[PDB]
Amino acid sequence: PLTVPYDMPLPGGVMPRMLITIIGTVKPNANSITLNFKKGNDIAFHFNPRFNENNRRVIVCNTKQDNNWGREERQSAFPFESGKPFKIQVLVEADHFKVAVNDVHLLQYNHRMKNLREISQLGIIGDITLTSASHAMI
């Protein structure tokens, strides 16, 4: 039984060819979801679907370094729905993270924090129920 917030440990951090698969369901009347690829107090990759930001559904991605957020990357393609099952897949490549939702490519996020093997945890928070959270080398 996975409960949210959930911290998925990453003993070897992240590396090219690592695929992270997160399966769950969006809670009814969801407000937001967050995936945080963490390196201590820093967030190498923050993936944040917002269901109601000024009456708009938008995905915000960013990096938090030295308690400061960088430039936001915004994506209006929004494959999540309240009360509906989801599958988020994050493929780690040498230059970026590739995110897909329900087997459909969603976005690419270029690495800002290049020490990938230092990302020791994946935090999964927000208005979701979690079925599984796993990683594999593909």
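Start at 1 and count along the sequence shown; that's the residue number.
Legend: mean Cα B-factor per stretch from the PDB entry, 64-72 versus 97-105; the higher mean is in 64-72. Relative to one another, 20-28 and 114-122 have unequal mean CA B-factors, and 114-122 is the one with the higher figure. In this PDB entry, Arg56 carries a Cα temperature factor that places it within the highest third of its chain's modelled residues. The entry lists a Cα temperature factor for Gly40 that places it in the highest third of the chain's modelled residues. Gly83: CA B factor lies in the highest third for its chain, per the PDB record.
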